[PDB]
């Protein structure tokens, strides 16, 4: 039935600024929080302010040198770190900004705190919209991500769970998470993403894991314009088969909103209902679940998406008419929660979707 939901948020998160022209806007997390507060969704959730994760907590995955660099670099001293900036991939996508380290600490803190709460069996679901930064690597920043809060949260879950399932619905391949666990069977990573002349360039159908991890990495490559009907028809069957064969005891779901119609960087055509159907599907399995953020670059739609997904987690129905809020004008000209898909062509034919699903089903038959 209805579950207990713990939500992690720091009121300072919206003030971190990647810089002029950078599409990643932490302010979208504050818009989400304010919208969900004005819908009354605070009355049913336990709200927590995450601790600032320590460099030590971060080094459970990342190298000591990379975390020391992140904790030391600032816009005023960048000139003295040109060598380490190249080595750790700090540049246009992952710039140095005021409070970069604290932003990483808050993003990571929410994910790890949520994982601890799930481990202690004190909540059914934990939500951290500031997390889900799936591209960060052991000693390298990538694609707007510096510290891989997801990998850290999964390592925390692995203390009490033999098998953890990771599902990623961001439009970009979940490469950092896939790479971290590529050679183990204790985590199964499942990513649905645009593949072909698109960042990060990984996530081929044929990337299925290695060694003990062979068959424990699943990739569903898609083309432009996927819609609710098409996504829905493959998501539930794949996740159901993964649940059946893998039998995970905890799940982490990355809810990157750049898979929505009208995203500034994305090329998919999902509505908020289509995206949220993934949360409904996963929630139905009644397993401890950590829901995380990720991409999303048309910020009014990211706030709508994550507000609706928080309502889905709470089994609370909320009206389509948006309540008045601090950012009301951002939701014009309609001031509604739900969005309409565009007229873009769906290049994922029904036959292509079935064929890729059948290839993934063949790989899933190889599990013990």
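Numbering follows the first chain given and starts at 1. Think of the rigid core as the biggest set of C-alphas that the two forms share within 1.5 Å after superposition.
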Exercise. Between 85 to 93 and 131 to 139, which has the larger RMS C-alpha deviation from this form in 9 other deposited structures of this protein after core superposition?
Worked result: 85 to 93
Exercise. Looking at the entry, does 90 to 98 or 274 to 282 show the higher mean C-alpha B-factor?
Worked result: 90 to 98
Exercise. Do the CA atoms of 22 to 30 or those of 335 to 343 have the higher mean B-factor in the entry?
Worked result: 335 to 343
For this session: For the C-alpha B-factor as written in the entry, point me to the maximum among 111, 122, 219, 148.
Result: 122
Exercise. So among 105, 128, 191, 84, who wins on Cα B-factor in the entry?
Worked result: 84
Seminar exercise, completed: Split the chain's modelled residues into thirds by Cα B-factor; residue 77 lands in the highest
For this session: Divide the modelled residues of the chain into thirds by Cα B-factor and specify which third, lowest, middle or highest, holds residue 39.
Result: middle
Exercise. Compared with the other modelled residues in the chain, in which third is the CA B-factor of residue 51?
Worked result: middle
Exercise. Among the chain's modelled residues, which third holds the C-alpha B-factor of residue 293?
Worked result: lowest
Problem set entry | residue 199 - Cα temperature factor, lowest/middle/highest third of chain | middle
